[PDB]
Amino acid sequence: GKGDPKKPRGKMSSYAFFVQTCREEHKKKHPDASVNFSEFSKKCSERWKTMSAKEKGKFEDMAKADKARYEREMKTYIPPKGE
Amino acid sequence: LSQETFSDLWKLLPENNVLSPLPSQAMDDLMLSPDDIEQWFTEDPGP
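Residues numbered from 1 in each chain as written, not as in the entry; some residues may be left out. Chains lettered and ligands numbered in written order. Heavy atoms only, no water.

Its PDB header attributes the entry to solution NMR.

The name given to chain B in the PDB entry is Cellular tumor antigen p53, and the organism recorded there is Homo sapiens. The record for the entry shows the title "HMGB1-facilitated p53 DNA binding occurs via HMG-box/p53 transactivation domain interaction and is regulated by the acidic tail".

Per the PDB entry, chain A carries the name High mobility group protein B1 and comes from Homo sapiens.

A. Just the side chain of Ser 45 of chain A, in detail. Secondary-structure assignment places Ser 45 of chain A in helix 2 (residues 37-49). Note on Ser 45 of chain A: relative accessible area 8%, which makes it buried. Every residue in contact with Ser 45 of chain A, bar those within four places of it in the chain, is listed here: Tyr 15 of chain A together with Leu 30 and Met 31 of chain B. (Helix = DSSP H or I, 4+ residues; strand = E, 2+ residues; numbered from the N terminus. Buried < 20%, exposed > 50% of the residue type's maximum accessible area, 1.4 Å probe, protein only. Contact = heavy atoms within 4.5 Å.)

B. Fine view of the pattern of salt bridges. Residues and elements named next belong to chain A. Scanning all chains against the criterion turns up eleven salt bridges over all chains. Residues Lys 42 and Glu 46 are paired through a salt bridge, measuring 2.6 Å at the closest nitrogen-oxygen approach. With a gap of four residues between them, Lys 42 and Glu 46 both fall in helix 2, about one helical turn apart. Notably, a salt bridge pairs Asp 66 with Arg 69, separated by 2.7 Å at the nearest N-O pair. With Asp 66 and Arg 69 both in helix 3 (residues 53-75), this residue pair falls three residues apart, about one helical turn. Three or more residues are tied together by salt bridges with common partners; here these are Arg 9, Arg 23 and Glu 24. (Salt bridge = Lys/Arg side-chain N within 4 Å of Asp/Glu carboxyl O.)

C. Molecular detail of unusual backbone geometry. For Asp 4 of chain A, which is not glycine, the phi torsion reads 50° and is therefore positive. Here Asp 4 of chain A shows up in the segment before helix 1 (14-29). Notably, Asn 17 of chain B is not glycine yet its phi reads approximately 95°, a positive angle. Relative to the elements of secondary structure, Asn 17 of chain B occurs in the segment before helix 1 (34-37). Of the residues examined, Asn 17 of chain B reaches a relative accessible area of 47% and is grouped as partly exposed.

D. Seen up close, helix 2 of chain A. Residues and elements named next belong to chain A. Under the 1.5 Å per step criterion, the end-to-end length of helix 2 is 18 Å for 13 residues, consistent within 8% with the ideal 18 Å. Taken residue by residue, helix 2 has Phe 40, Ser 41, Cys 44, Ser 45 and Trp 48 as its buried positions. Along helix 2, the residues classed as buried sweep out an arc of 135° about the axis, all on the same side. (Expected span 1.5 Å × (residues − 1). Arc of directions from axis to C-beta.)

E. Quick look at the packing of aromatic side chains. For the structure shown, the criterion picks out five aromatic pairs over all chains. Measuring from centroid to centroid gives 5.6 Å for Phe 18 of chain A and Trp 48 of chain A, while their planes differ by 50°, and the two rings are tilted. Taken together, the positions of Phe 18 of chain A in helix 1 and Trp 48 of chain A in helix 2 put the pair 30 residues apart, joining distant regions of the chain. Residue class for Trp 48 of chain A comes out buried when judged on its relative accessible area of 10%. Seen from their ring centres, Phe 18 of chain A and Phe 59 of chain A are 5.2 Å apart, and the 90° between their planes marks the pair as edge-to-face. Pair noted here: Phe 18 of chain A is in helix 1 and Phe 59 of chain A is in helix 3, with a separation of 41 residues, a long-range link. For the pair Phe 18 of chain A and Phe 59 of chain A, a shared accessibility class is recorded, and that class is buried. An aromatic cluster of three or more residues is present, and its members are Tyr 15, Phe 18, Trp 48 and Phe 59 of chain A. In this structure, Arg 9 of chain A is placed above the aromatic ring of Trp 40 of chain B, and the distance from its NZ or CZ to the ring centre is 5.2 Å. Between the NZ or CZ atom of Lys 11 of chain B and the centre of the ring of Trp 10 of chain B, over which it lies, the distance is 5.2 Å. (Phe/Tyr/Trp six-rings, centres within 6.5 Å; stacked < 30°, edge-to-face > 60°. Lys NZ or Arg CZ within 6 Å of the ring centre and 35° of its normal.)

So, in structure tokens, the structure goes:
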């Protein structure tokens, strides 16, 4: 039971950032709305794969920036019941 | 081994080079896995 259930965004790959930014943008505009996990994640999965390296690298680059920000807080983060 | 090209032949499969654990139980756990994401992925009062 490592847990750490209060981590930052994460070091997630560009793949998850693709879902992340899209699912969030919709949720920011519509605080009344959510999404369907199986639906949205599948749509993103297929759509991501079919995109170009330019677009994928864009999400990758953003992930690099969040990864470093994560590392910064990671040092100051104490694992709650972190076995 | 003596297989320089032979061990590469089968890697024409759809892979990312296989450096990531791929969820086999659900495709909705592919990108944003619930354990961490639920803090920000969705903001609900309760199930």
